[PDB]
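Structure file upload.cif (mmCIF, C-alpha atoms and all ligand atoms) is printed below.
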```cif
data_target
#
loop_
_atom_site.label_atom_id
_atom_site.label_comp_id
_atom_site.auth_asym_id
_atom_site.auth_seq_id
_atom_site.Cartn_x
_atom_site.Cartn_y
_atom_site.Cartn_z
CA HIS M 2 -128.33 -129.40 -212.98
CA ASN M 3 -124.91 -130.20 -214.49
CA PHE M 4 -121.68 -131.65 -213.07
CA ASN M 5 -118.82 -129.39 -212.00
CA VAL M 6 -115.28 -130.77 -212.10
CA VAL M 7 -112.17 -128.76 -211.26
CA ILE M 8 -108.71 -129.94 -212.31
CA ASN M 9 -105.97 -128.97 -209.84
CA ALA M 10 -102.21 -129.54 -209.78
CA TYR M 11 -100.31 -130.13 -206.53
CA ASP M 12 -96.53 -129.87 -206.09
CA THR M 13 -95.88 -131.22 -202.57
CA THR M 14 -92.45 -131.32 -200.90
CA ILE M 15 -92.05 -131.84 -197.16
CA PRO M 16 -88.46 -132.69 -196.17
CA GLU M 17 -89.36 -132.87 -192.50
CA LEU M 18 -92.33 -131.90 -190.37
CA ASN M 19 -93.66 -132.74 -186.93
CA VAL M 20 -97.47 -132.82 -187.01
CA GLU M 21 -99.00 -133.23 -183.56
CA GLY M 22 -96.01 -135.15 -182.22
CA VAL M 23 -95.78 -137.28 -185.36
CA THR M 24 -92.78 -136.58 -187.59
CA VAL M 25 -93.24 -137.13 -191.34
CA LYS M 26 -90.13 -137.09 -193.55
CA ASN M 27 -88.97 -137.12 -197.19
CA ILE M 28 -92.33 -136.50 -198.82
CA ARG M 29 -92.26 -135.61 -202.50
CA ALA M 30 -95.39 -135.93 -204.60
CA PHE M 31 -96.59 -134.18 -207.73
CA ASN M 32 -100.12 -134.87 -208.98
CA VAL M 33 -103.00 -133.48 -211.01
CA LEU M 34 -106.47 -134.36 -209.72
CA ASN M 35 -110.03 -134.11 -211.01
CA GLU M 36 -112.22 -132.88 -208.17
CA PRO M 37 -114.56 -134.73 -207.99
CA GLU M 38 -113.14 -137.92 -209.54
CA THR M 39 -116.35 -139.94 -209.70
CA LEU M 40 -119.56 -139.14 -211.58
CA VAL M 41 -122.62 -141.36 -211.37
CA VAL M 42 -125.55 -141.16 -213.79
CA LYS M 43 -128.56 -143.14 -214.99
CA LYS M 44 -128.33 -145.09 -218.22
CA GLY M 45 -129.97 -142.98 -220.89
CA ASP M 46 -129.75 -139.39 -219.67
CA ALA M 47 -127.48 -136.87 -221.35
CA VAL M 48 -124.51 -135.73 -219.31
CA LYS M 49 -123.08 -132.21 -219.06
CA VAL M 50 -119.66 -131.77 -217.44
CA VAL M 51 -118.29 -128.26 -216.95
CA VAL M 52 -114.55 -128.90 -216.62
CA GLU M 53 -112.53 -126.01 -215.20
CA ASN M 54 -108.81 -126.53 -215.72
CA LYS M 55 -106.92 -124.70 -212.98
CA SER M 56 -103.72 -126.54 -213.83
CA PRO M 57 -100.78 -124.47 -215.17
CA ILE M 58 -100.90 -126.55 -218.37
CA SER M 59 -103.40 -128.15 -220.76
CA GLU M 60 -105.19 -131.13 -219.22
CA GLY M 61 -106.97 -134.09 -220.79
CA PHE M 62 -110.41 -135.53 -220.08
CA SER M 63 -111.31 -138.78 -221.83
CA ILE M 64 -113.96 -141.51 -221.55
CA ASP M 65 -113.55 -144.09 -224.32
CA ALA M 66 -116.99 -145.72 -224.04
CA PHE M 67 -118.66 -142.49 -225.18
CA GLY M 68 -116.14 -141.08 -227.63
CA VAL M 69 -115.18 -138.39 -225.13
CA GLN M 70 -111.69 -136.94 -225.48
CA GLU M 71 -111.09 -133.25 -224.92
CA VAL M 72 -108.12 -131.06 -224.09
CA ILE M 73 -108.69 -128.08 -221.81
CA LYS M 74 -106.07 -125.33 -221.91
CA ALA M 75 -104.60 -123.74 -218.77
CA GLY M 76 -107.04 -121.49 -216.93
CA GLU M 77 -109.75 -122.43 -219.41
CA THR M 78 -113.20 -123.95 -218.93
CA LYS M 79 -114.92 -126.51 -221.13
CA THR M 80 -118.38 -128.04 -221.12
CA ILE M 81 -118.23 -131.67 -222.14
CA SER M 82 -121.52 -133.26 -223.09
CA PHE M 83 -122.50 -136.77 -224.14
CA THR M 84 -125.24 -139.34 -223.63
CA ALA M 85 -124.64 -142.30 -221.33
CA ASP M 86 -126.52 -144.76 -223.53
CA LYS M 87 -124.54 -147.69 -222.12
CA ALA M 88 -124.53 -149.17 -218.62
CA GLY M 89 -121.39 -149.86 -216.60
CA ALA M 90 -118.32 -148.26 -215.02
CA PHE M 91 -115.95 -146.32 -217.27
CA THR M 92 -112.57 -144.79 -216.50
CA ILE M 93 -112.24 -141.01 -216.70
CA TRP M 94 -108.60 -140.31 -217.62
CA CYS M 95 -106.08 -137.81 -218.98
CA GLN M 96 -104.71 -138.83 -222.38
CA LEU M 97 -101.87 -136.32 -221.90
CA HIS M 98 -100.05 -137.41 -218.73
CA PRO M 99 -98.92 -140.47 -216.73
CA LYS M 100 -101.89 -142.10 -215.02
CA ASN M 101 -100.20 -142.13 -211.62
CA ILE M 102 -99.42 -138.39 -211.80
CA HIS M 103 -102.84 -137.29 -213.09
CA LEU M 104 -105.04 -139.83 -211.32
CA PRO M 105 -108.06 -141.22 -213.21
CA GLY M 106 -111.65 -141.16 -212.01
CA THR M 107 -114.82 -143.04 -212.90
CA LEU M 108 -118.07 -142.53 -214.80
CA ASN M 109 -120.67 -144.95 -213.45
CA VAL M 110 -123.74 -145.59 -215.57
CA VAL M 111 -126.39 -147.39 -213.52
CA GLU M 112 -129.13 -149.56 -215.03
CA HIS V 2 -128.55 -147.49 -193.45
CA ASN V 3 -125.26 -146.02 -192.24
CA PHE V 4 -121.89 -145.58 -193.99
CA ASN V 5 -118.64 -146.77 -192.42
CA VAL V 6 -115.43 -144.97 -193.35
CA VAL V 7 -111.97 -145.61 -191.90
CA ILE V 8 -109.18 -143.07 -192.36
CA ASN V 9 -105.71 -144.62 -192.62
CA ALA V 10 -102.19 -143.26 -192.90
CA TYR V 11 -99.42 -145.09 -194.79
CA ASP V 12 -95.69 -144.36 -194.40
CA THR V 13 -94.13 -146.43 -197.21
CA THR V 14 -90.42 -146.64 -198.06
CA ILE V 15 -88.96 -149.36 -200.32
CA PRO V 16 -85.29 -148.90 -201.34
CA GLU V 17 -85.30 -151.88 -203.73
CA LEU V 18 -87.36 -155.06 -203.85
CA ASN V 19 -87.49 -157.62 -206.65
CA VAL V 20 -91.03 -159.03 -206.76
CA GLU V 21 -91.51 -162.01 -209.10
CA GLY V 22 -88.63 -160.80 -211.27
CA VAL V 23 -89.91 -157.21 -211.40
CA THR V 24 -87.78 -154.57 -209.70
CA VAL V 25 -89.63 -152.13 -207.42
CA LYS V 26 -86.98 -149.54 -206.60
CA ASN V 27 -86.72 -146.20 -204.78
CA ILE V 28 -90.30 -146.00 -203.51
CA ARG V 29 -91.18 -143.33 -200.95
CA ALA V 30 -94.87 -142.59 -200.59
CA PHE V 31 -96.73 -141.07 -197.65
CA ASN V 32 -100.51 -140.85 -197.88
CA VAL V 33 -103.69 -140.76 -195.84
CA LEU V 34 -106.66 -142.58 -197.37
CA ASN V 35 -110.41 -142.67 -196.68
CA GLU V 36 -111.57 -146.29 -196.94
CA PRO V 37 -113.88 -146.24 -198.87
CA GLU V 38 -113.46 -143.01 -200.88
CA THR V 39 -116.81 -142.99 -202.66
CA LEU V 40 -120.24 -142.77 -201.05
CA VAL V 41 -123.29 -142.94 -203.34
CA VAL V 42 -126.64 -141.77 -201.98
CA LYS V 43 -129.94 -140.63 -203.48
CA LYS V 44 -131.18 -137.05 -203.38
CA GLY V 45 -133.09 -136.42 -200.17
CA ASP V 46 -132.05 -139.19 -197.79
CA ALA V 47 -130.47 -138.42 -194.43
CA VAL V 48 -126.84 -139.47 -194.67
CA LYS V 49 -125.06 -140.95 -191.66
CA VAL V 50 -121.29 -141.40 -191.85
CA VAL V 51 -119.46 -143.14 -189.04
CA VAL V 52 -115.85 -142.05 -189.56
CA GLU V 53 -113.16 -143.90 -187.62
CA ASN V 54 -109.81 -142.13 -187.54
CA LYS V 55 -107.02 -144.73 -187.50
CA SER V 56 -104.49 -142.04 -188.45
CA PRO V 57 -101.96 -141.01 -185.77
CA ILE V 58 -102.93 -137.38 -186.33
CA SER V 59 -106.12 -135.32 -186.53
CA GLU V 60 -107.93 -135.77 -189.84
CA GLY V 61 -110.39 -133.63 -191.74
CA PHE V 62 -113.61 -134.61 -193.48
CA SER V 63 -115.22 -131.89 -195.60
CA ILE V 64 -118.02 -131.66 -198.17
CA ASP V 65 -118.76 -128.02 -199.00
CA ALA V 66 -122.13 -128.46 -200.75
CA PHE V 67 -123.64 -129.66 -197.49
CA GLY V 68 -121.76 -127.56 -194.97
CA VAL V 69 -119.74 -130.54 -193.77
CA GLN V 70 -116.47 -129.51 -192.11
CA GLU V 71 -115.14 -131.83 -189.42
CA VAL V 72 -111.88 -132.74 -187.72
CA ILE V 73 -111.57 -136.24 -186.26
CA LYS V 74 -108.92 -136.62 -183.55
CA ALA V 75 -106.37 -139.41 -183.84
CA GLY V 76 -107.90 -142.73 -182.89
CA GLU V 77 -111.41 -141.34 -182.49
CA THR V 78 -114.71 -141.98 -184.24
CA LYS V 79 -117.15 -139.29 -185.29
CA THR V 80 -120.58 -139.78 -186.84
CA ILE V 81 -121.27 -137.16 -189.50
CA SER V 82 -124.88 -136.60 -190.53
CA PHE V 83 -126.43 -134.39 -193.19
CA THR V 84 -129.25 -134.36 -195.73
CA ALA V 85 -128.25 -134.78 -199.38
CA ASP V 86 -130.77 -132.17 -200.53
CA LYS V 87 -129.03 -131.72 -203.88
CA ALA V 88 -128.02 -134.02 -206.71
CA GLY V 89 -124.57 -134.09 -208.30
CA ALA V 90 -121.01 -135.18 -207.49
CA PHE V 91 -119.21 -133.48 -204.61
CA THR V 92 -115.63 -133.84 -203.38
CA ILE V 93 -114.95 -135.31 -199.94
CA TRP V 94 -111.64 -133.84 -198.75
CA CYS V 95 -109.38 -133.14 -195.80
CA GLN V 96 -108.95 -129.45 -194.95
CA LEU V 97 -105.82 -130.11 -192.89
CA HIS V 98 -103.43 -131.77 -195.35
CA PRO V 99 -102.29 -131.51 -199.01
CA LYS V 100 -104.90 -133.03 -201.34
CA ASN V 101 -102.33 -135.27 -203.00
CA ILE V 102 -101.07 -136.63 -199.70
CA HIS V 103 -104.52 -137.19 -198.20
CA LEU V 104 -106.34 -138.19 -201.37
CA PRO V 105 -109.93 -136.91 -201.75
CA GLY V 106 -113.04 -138.95 -202.45
CA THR V 107 -116.51 -138.23 -203.82
CA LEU V 108 -120.09 -138.01 -202.57
CA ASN V 109 -122.48 -138.82 -205.40
CA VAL V 110 -126.08 -137.74 -204.90
CA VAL V 111 -128.32 -139.33 -207.52
CA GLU V 112 -131.92 -138.42 -208.36
CA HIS P 2 -123.25 -157.25 -219.84
CA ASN P 3 -120.84 -156.98 -216.90
CA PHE P 4 -117.98 -154.89 -215.46
CA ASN P 5 -114.52 -154.79 -217.00
CA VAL P 6 -111.64 -153.78 -214.72
CA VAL P 7 -108.07 -153.45 -215.95
CA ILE P 8 -105.21 -153.44 -213.42
CA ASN P 9 -102.11 -151.48 -214.48
CA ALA P 10 -98.79 -150.66 -212.84
CA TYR P 11 -97.05 -147.33 -213.27
CA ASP P 12 -93.30 -146.98 -212.71
CA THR P 13 -92.75 -143.22 -213.09
CA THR P 14 -89.47 -141.31 -212.70
CA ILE P 15 -89.17 -137.70 -213.89
CA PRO P 16 -85.92 -135.66 -213.70
CA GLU P 17 -85.91 -132.12 -212.29
CA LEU P 18 -87.54 -129.62 -214.65
CA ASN P 19 -87.83 -125.86 -215.04
CA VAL P 20 -91.14 -124.85 -216.59
CA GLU P 21 -91.51 -121.13 -217.24
CA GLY P 22 -88.84 -120.18 -214.73
CA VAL P 23 -90.62 -122.40 -212.23
CA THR P 24 -88.45 -125.26 -210.99
CA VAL P 25 -90.08 -128.66 -210.39
CA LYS P 26 -88.15 -131.11 -208.17
CA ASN P 27 -87.55 -134.59 -209.57
CA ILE P 28 -90.60 -136.84 -209.23
CA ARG P 29 -90.76 -140.55 -208.36
CA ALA P 30 -94.13 -142.32 -208.18
CA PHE P 31 -94.77 -146.07 -208.35
CA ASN P 32 -98.42 -147.24 -208.22
CA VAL P 33 -100.81 -149.96 -209.32
CA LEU P 34 -104.31 -148.83 -210.27
CA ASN P 35 -107.67 -150.51 -210.87
CA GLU P 36 -109.28 -149.00 -213.96
CA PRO P 37 -112.08 -148.38 -213.36
CA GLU P 38 -111.71 -147.86 -209.61
CA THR P 39 -115.39 -147.49 -208.65
CA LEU P 40 -118.29 -149.91 -209.30
CA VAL P 41 -121.90 -148.89 -208.55
CA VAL P 42 -124.45 -151.74 -208.39
CA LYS P 43 -128.02 -152.20 -207.13
CA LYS P 44 -128.58 -154.32 -204.02
CA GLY P 45 -129.36 -157.91 -204.93
CA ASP P 46 -127.35 -157.84 -208.14
CA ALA P 47 -125.45 -160.89 -209.41
CA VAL P 48 -122.27 -158.91 -210.06
CA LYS P 49 -119.86 -160.12 -212.72
CA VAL P 50 -116.40 -158.55 -212.77
CA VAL P 51 -113.94 -159.41 -215.53
CA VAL P 52 -110.54 -158.41 -214.19
CA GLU P 53 -107.68 -158.20 -216.68
CA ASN P 54 -104.30 -157.94 -214.97
CA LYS P 55 -101.90 -155.89 -217.10
CA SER P 56 -99.52 -155.63 -214.13
CA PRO P 57 -96.24 -157.55 -214.51
CA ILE P 58 -96.82 -159.11 -211.09
CA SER P 59 -99.67 -160.93 -209.32
CA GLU P 60 -102.45 -158.58 -208.23
CA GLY P 61 -105.09 -158.97 -205.55
CA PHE P 62 -108.77 -158.02 -205.73
CA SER P 63 -110.81 -158.10 -202.51
CA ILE P 64 -114.12 -156.88 -201.09
CA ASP P 65 -114.59 -158.25 -197.55
CA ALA P 66 -118.35 -157.67 -197.27
CA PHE P 67 -118.92 -160.28 -199.98
CA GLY P 68 -116.17 -162.85 -199.47
CA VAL P 69 -114.43 -161.58 -202.61
CA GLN P 70 -110.68 -162.28 -202.49
CA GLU P 71 -108.81 -163.38 -205.60
CA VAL P 72 -105.22 -163.37 -206.84
CA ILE P 73 -104.79 -162.70 -210.56
CA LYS P 74 -101.46 -163.65 -212.12
CA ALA P 75 -99.58 -161.24 -214.37
CA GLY P 76 -101.26 -161.12 -217.77
CA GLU P 77 -104.27 -163.23 -216.79
CA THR P 78 -107.97 -162.40 -216.84
CA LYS P 79 -110.23 -163.57 -214.02
CA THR P 80 -114.00 -163.17 -213.73
CA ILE P 81 -115.22 -162.41 -210.21
CA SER P 82 -118.80 -163.36 -209.37
CA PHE P 83 -120.79 -162.51 -206.26
CA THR P 84 -124.12 -161.01 -205.24
CA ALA P 85 -124.40 -157.58 -203.64
CA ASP P 86 -126.81 -158.59 -200.87
CA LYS P 87 -125.98 -155.52 -198.75
CA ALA P 88 -126.31 -151.82 -199.51
CA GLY P 89 -123.49 -149.40 -198.71
CA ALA P 90 -119.94 -148.48 -199.71
CA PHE P 91 -117.24 -151.18 -199.63
CA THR P 92 -113.50 -150.87 -200.31
CA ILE P 93 -112.02 -152.70 -203.30
CA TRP P 94 -108.46 -153.45 -202.25
CA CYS P 95 -105.38 -155.54 -203.00
CA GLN P 96 -104.20 -157.80 -200.19
CA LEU P 97 -100.77 -158.25 -201.73
CA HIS P 98 -99.39 -154.70 -201.76
CA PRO P 99 -99.27 -151.59 -199.53
CA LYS P 100 -102.53 -149.67 -199.94
CA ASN P 101 -100.84 -146.42 -200.98
CA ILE P 102 -98.93 -148.12 -203.80
CA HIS P 103 -101.92 -150.08 -205.13
CA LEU P 104 -104.70 -147.56 -204.52
CA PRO P 105 -108.08 -148.83 -203.24
CA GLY P 106 -111.35 -148.50 -205.10
CA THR P 107 -115.01 -148.66 -204.12
CA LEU P 108 -117.95 -151.01 -204.56
CA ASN P 109 -121.14 -149.00 -204.06
CA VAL P 110 -124.37 -150.97 -203.51
CA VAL P 111 -127.48 -148.91 -204.36
CU CU T 1 -103.36 -134.58 -217.15
CU CU T 2 -105.81 -135.45 -193.81
CU CU T 3 -101.60 -154.91 -205.82
#
```

Would you mind writing the file out in structure tokens?
Ligand SMILES: [Cu+2]
Ligand SMILES: [Cu+2]
Ligand SMILES: [Cu+2]
Amino acid sequence: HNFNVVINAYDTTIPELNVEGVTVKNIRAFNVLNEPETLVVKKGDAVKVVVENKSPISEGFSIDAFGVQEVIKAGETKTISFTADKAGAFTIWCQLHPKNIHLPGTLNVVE
Amino acid sequence: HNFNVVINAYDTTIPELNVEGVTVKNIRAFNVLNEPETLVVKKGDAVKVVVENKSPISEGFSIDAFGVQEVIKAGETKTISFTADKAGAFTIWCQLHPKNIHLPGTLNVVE
Amino acid sequence: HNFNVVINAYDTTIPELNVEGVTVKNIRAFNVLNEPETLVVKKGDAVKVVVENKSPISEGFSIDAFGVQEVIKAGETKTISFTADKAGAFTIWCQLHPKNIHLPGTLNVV
């Protein structure tokens, strides 16, 4: 039917940990991720993306090629619809945060 | 025909390195990556995924929509098969580690 | 026409914060990203990839399965041309930097 994307935030801190004999140290990463990151559609069909923002703050969802640029508030849901009338690969990104904190995804429009 | 995915772990620490005049300082990133992250199939076909675990620890490979939940031991290869009976975009993730340490991928089932 | 990929570097340092009583340890993330990261093409396609390198350093673009392996200088734009003669999923990666700094992408054929 329609796509389902969940936006999650992760605050990871692992000073030291032995995982199956392997010790990992000084890990510190904070990120926001769109799950899933990639969406593939056929050129022409209308797209419906139900974005559920589970992040503690407002998150962005943009796709330049199709004038898509929304802002979903914390704990809110938002259906984003548009028509992929152009072929190619387009970056799905958050216009609100650093791109290497809230990692971008991809909208692929096949011929 | 048959997908090939390699799971790799990276333990990266760079105190300070000047590359072509640009300073790359205080880098500390630990991640596990599925190479490649995205698999694109068509609704209906029988998917075959040969997953080779090059990570020094056990790694997970999960895709809820198709009941896929596997653990690949360090240095082992496991072929994962399932039918993509439904269209859409589904997250490929590890159920053992933090999603922003072991970055997730996507299974795209197209009509 | 063809694919347009922009390569960007992110040098991100964020001091410790306290958001709604919740403390967030200082963050430090340095990455290089291909935007877009994924390319889906039909088998037998004469793929054209215009790669604009916005990174301040040389960036690599490789896809083993098709002999693709180029080095794009900082600020330059290079067009990659090859034919996707094989179906499957192939990693788009940079042979110059650690894979978890410059995150890999994917070339999907059919
Ligand atoms: Cu964001
Ligand atoms: Cu993992
Ligand atoms: Cu690079």

With chain M held fixed, move chain V onto it by a least-squares fit of all C-alpha atoms in order and give the output as a PDB file with C-alpha atoms, in the coordinates of the input.
```pdb
ATOM      1  CA  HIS V   2    -128.607-131.036-213.874  1.00  0.00           C
ATOM      2  CA  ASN V   3    -124.969-130.312-214.707  1.00  0.00           C
ATOM      3  CA  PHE V   4    -121.716-131.665-213.224  1.00  0.00           C
ATOM      4  CA  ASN V   5    -118.927-129.362-212.058  1.00  0.00           C
ATOM      5  CA  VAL V   6    -115.365-130.669-212.140  1.00  0.00           C
ATOM      6  CA  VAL V   7    -112.211-128.708-211.306  1.00  0.00           C
ATOM      7  CA  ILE V   8    -108.794-130.006-212.349  1.00  0.00           C
ATOM      8  CA  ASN V   9    -105.995-129.100-209.929  1.00  0.00           C
ATOM      9  CA  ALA V  10    -102.244-129.596-209.875  1.00  0.00           C
ATOM     10  CA  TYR V  11    -100.274-130.056-206.635  1.00  0.00           C
ATOM     11  CA  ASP V  12     -96.488-129.642-206.329  1.00  0.00           C
ATOM     12  CA  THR V  13     -95.784-130.926-202.798  1.00  0.00           C
ATOM     13  CA  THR V  14     -92.369-131.147-201.120  1.00  0.00           C
ATOM     14  CA  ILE V  15     -91.936-131.652-197.353  1.00  0.00           C
ATOM     15  CA  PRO V  16     -88.358-132.346-196.154  1.00  0.00           C
ATOM     16  CA  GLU V  17     -89.408-133.006-192.541  1.00  0.00           C
ATOM     17  CA  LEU V  18     -92.358-131.826-190.475  1.00  0.00           C
ATOM     18  CA  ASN V  19     -93.411-133.058-187.042  1.00  0.00           C
ATOM     19  CA  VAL V  20     -97.215-132.881-186.870  1.00  0.00           C
ATOM     20  CA  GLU V  21     -98.709-133.551-183.419  1.00  0.00           C
ATOM     21  CA  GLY V  22     -95.701-135.694-182.508  1.00  0.00           C
ATOM     22  CA  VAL V  23     -95.805-137.666-185.770  1.00  0.00           C
ATOM     23  CA  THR V  24     -92.882-137.204-188.144  1.00  0.00           C
ATOM     24  CA  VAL V  25     -93.770-136.592-191.806  1.00  0.00           C
ATOM     25  CA  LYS V  26     -90.410-136.814-193.556  1.00  0.00           C
ATOM     26  CA  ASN V  27     -89.038-136.794-197.113  1.00  0.00           C
ATOM     27  CA  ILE V  28     -92.313-136.188-198.949  1.00  0.00           C
ATOM     28  CA  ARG V  29     -92.197-135.332-202.652  1.00  0.00           C
ATOM     29  CA  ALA V  30     -95.452-135.788-204.520  1.00  0.00           C
ATOM     30  CA  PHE V  31     -96.605-134.163-207.751  1.00  0.00           C
ATOM     31  CA  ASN V  32    -100.135-134.896-208.930  1.00  0.00           C
ATOM     32  CA  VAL V  33    -103.029-133.521-210.934  1.00  0.00           C
ATOM     33  CA  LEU V  34    -106.487-134.321-209.564  1.00  0.00           C
ATOM     34  CA  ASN V  35    -110.042-134.101-210.929  1.00  0.00           C
ATOM     35  CA  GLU V  36    -112.282-132.730-208.168  1.00  0.00           C
ATOM     36  CA  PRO V  37    -114.550-134.697-207.945  1.00  0.00           C
ATOM     37  CA  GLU V  38    -113.241-137.943-209.494  1.00  0.00           C
ATOM     38  CA  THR V  39    -116.499-139.882-209.625  1.00  0.00           C
ATOM     39  CA  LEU V  40    -119.610-138.972-211.600  1.00  0.00           C
ATOM     40  CA  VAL V  41    -122.666-141.231-211.238  1.00  0.00           C
ATOM     41  CA  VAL V  42    -125.418-140.984-213.847  1.00  0.00           C
ATOM     42  CA  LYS V  43    -128.266-143.208-215.021  1.00  0.00           C
ATOM     43  CA  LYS V  44    -128.324-144.971-218.375  1.00  0.00           C
ATOM     44  CA  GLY V  45    -129.789-142.691-221.022  1.00  0.00           C
ATOM     45  CA  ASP V  46    -129.551-139.177-219.603  1.00  0.00           C
ATOM     46  CA  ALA V  47    -127.653-136.438-221.412  1.00  0.00           C
ATOM     47  CA  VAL V  48    -124.546-135.735-219.366  1.00  0.00           C
ATOM     48  CA  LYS V  49    -123.174-132.204-219.097  1.00  0.00           C
ATOM     49  CA  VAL V  50    -119.745-131.729-217.527  1.00  0.00           C
ATOM     50  CA  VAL V  51    -118.416-128.243-216.932  1.00  0.00           C
ATOM     51  CA  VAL V  52    -114.675-128.808-216.513  1.00  0.00           C
ATOM     52  CA  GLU V  53    -112.606-125.930-215.151  1.00  0.00           C
ATOM     53  CA  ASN V  54    -108.871-126.327-215.660  1.00  0.00           C
ATOM     54  CA  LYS V  55    -107.030-124.735-212.724  1.00  0.00           C
ATOM     55  CA  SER V  56    -103.837-126.561-213.727  1.00  0.00           C
ATOM     56  CA  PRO V  57    -100.988-124.431-215.139  1.00  0.00           C
ATOM     57  CA  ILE V  58    -100.806-126.762-218.133  1.00  0.00           C
ATOM     58  CA  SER V  59    -103.202-128.281-220.665  1.00  0.00           C
ATOM     59  CA  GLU V  60    -105.217-131.155-219.210  1.00  0.00           C
ATOM     60  CA  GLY V  61    -106.976-134.110-220.763  1.00  0.00           C
ATOM     61  CA  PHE V  62    -110.419-135.523-220.054  1.00  0.00           C
ATOM     62  CA  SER V  63    -111.201-138.851-221.727  1.00  0.00           C
ATOM     63  CA  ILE V  64    -113.909-141.517-221.483  1.00  0.00           C
ATOM     64  CA  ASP V  65    -113.518-144.062-224.286  1.00  0.00           C
ATOM     65  CA  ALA V  66    -116.937-145.757-224.060  1.00  0.00           C
ATOM     66  CA  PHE V  67    -118.589-142.515-225.110  1.00  0.00           C
ATOM     67  CA  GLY V  68    -116.032-141.109-227.514  1.00  0.00           C
ATOM     68  CA  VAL V  69    -114.985-138.412-225.058  1.00  0.00           C
ATOM     69  CA  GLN V  70    -111.482-137.088-225.754  1.00  0.00           C
ATOM     70  CA  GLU V  71    -110.814-133.486-224.771  1.00  0.00           C
ATOM     71  CA  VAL V  72    -107.923-131.201-223.896  1.00  0.00           C
ATOM     72  CA  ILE V  73    -108.648-128.223-221.642  1.00  0.00           C
ATOM     73  CA  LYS V  74    -106.123-125.380-221.875  1.00  0.00           C
ATOM     74  CA  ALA V  75    -104.585-124.012-218.692  1.00  0.00           C
ATOM     75  CA  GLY V  76    -107.025-121.772-216.877  1.00  0.00           C
ATOM     76  CA  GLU V  77    -109.905-122.485-219.246  1.00  0.00           C
ATOM     77  CA  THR V  78    -113.319-124.077-218.834  1.00  0.00           C
ATOM     78  CA  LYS V  79    -114.848-126.552-221.249  1.00  0.00           C
ATOM     79  CA  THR V  80    -118.330-128.057-221.097  1.00  0.00           C
ATOM     80  CA  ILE V  81    -118.295-131.703-222.153  1.00  0.00           C
ATOM     81  CA  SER V  82    -121.596-133.277-223.171  1.00  0.00           C
ATOM     82  CA  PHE V  83    -122.505-136.825-224.143  1.00  0.00           C
ATOM     83  CA  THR V  84    -125.293-139.371-223.755  1.00  0.00           C
ATOM     84  CA  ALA V  85    -124.647-142.238-221.334  1.00  0.00           C
ATOM     85  CA  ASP V  86    -126.282-144.771-223.657  1.00  0.00           C
ATOM     86  CA  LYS V  87    -124.649-147.708-221.879  1.00  0.00           C
ATOM     87  CA  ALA V  88    -124.540-148.962-218.311  1.00  0.00           C
ATOM     88  CA  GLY V  89    -121.362-149.924-216.463  1.00  0.00           C
ATOM     89  CA  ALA V  90    -118.284-148.295-214.917  1.00  0.00           C
ATOM     90  CA  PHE V  91    -115.910-146.394-217.192  1.00  0.00           C
ATOM     91  CA  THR V  92    -112.566-144.745-216.445  1.00  0.00           C
ATOM     92  CA  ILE V  93    -112.215-140.969-216.718  1.00  0.00           C
ATOM     93  CA  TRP V  94    -108.559-140.260-217.534  1.00  0.00           C
ATOM     94  CA  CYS V  95    -106.057-137.768-218.887  1.00  0.00           C
ATOM     95  CA  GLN V  96    -104.460-138.740-222.207  1.00  0.00           C
ATOM     96  CA  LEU V  97    -101.597-136.276-221.752  1.00  0.00           C
ATOM     97  CA  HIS V  98     -99.962-137.357-218.484  1.00  0.00           C
ATOM     98  CA  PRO V  99     -98.972-140.541-216.575  1.00  0.00           C
ATOM     99  CA  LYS V 100    -102.033-142.141-214.955  1.00  0.00           C
ATOM    100  CA  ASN V 101    -100.369-142.227-211.549  1.00  0.00           C
ATOM    101  CA  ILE V 102     -99.440-138.560-211.673  1.00  0.00           C
ATOM    102  CA  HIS V 103    -102.818-137.376-212.959  1.00  0.00           C
ATOM    103  CA  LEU V 104    -105.006-139.866-211.124  1.00  0.00           C
ATOM    104  CA  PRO V 105    -108.034-141.214-213.044  1.00  0.00           C
ATOM    105  CA  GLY V 106    -111.654-141.202-211.940  1.00  0.00           C
ATOM    106  CA  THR V 107    -114.788-143.132-212.882  1.00  0.00           C
ATOM    107  CA  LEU V 108    -118.058-142.553-214.725  1.00  0.00           C
ATOM    108  CA  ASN V 109    -120.713-144.902-213.379  1.00  0.00           C
ATOM    109  CA  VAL V 110    -123.770-145.389-215.568  1.00  0.00           C
ATOM    110  CA  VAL V 111    -126.515-147.166-213.640  1.00  0.00           C
ATOM    111  CA  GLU V 112    -129.689-148.740-215.035  1.00  0.00           C
TER     112      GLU V 112
END
```

- Got a sec: who's within 10 Å of stretch 59-65 of chain V, counting all atoms listed in the file, leaving out chain neighbours fewer than 6 positions off, as a VMD selection string? (chain M and resid 20 to 21) or (chain V and resid 8 to 10 33 35 52 to 53 71 to 77 81 91 to 98 103 105 to 108)

If we count only C-alpha atoms and set the cut-off at 12 Å, which residues sit around residue P:21, ignoring sequence neighbours fewer than 4 positions away in its own chain? Please answer as a short mmCIF file (atom, residue, chain, number, x, y, z; two decimals) with C-alpha atoms, in the coordinates of the input.
```cif
data_model
loop_
_atom_site.label_atom_id
_atom_site.label_comp_id
_atom_site.auth_asym_id
_atom_site.auth_seq_id
_atom_site.Cartn_x
_atom_site.Cartn_y
_atom_site.Cartn_z
CA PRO M 57 -100.78 -124.47 -215.17
CA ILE M 58 -100.90 -126.55 -218.37
CA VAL P 25 -90.08 -128.66 -210.39
#
```

- Query: Interatomic distance between atom CA of residue P:13 and atom CA of residue P:34?
  - Reply: 13.2 Å

- Message: Just want the 7 Å neighbourhood of residue M:84, counted on only C-alpha atoms, with same-chain residues fewer than 4 positions away dropped. Output as a list in words.
- Response: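 Listed by chain and then number, they are residues 45, 46, 47 and 48 of chain M.
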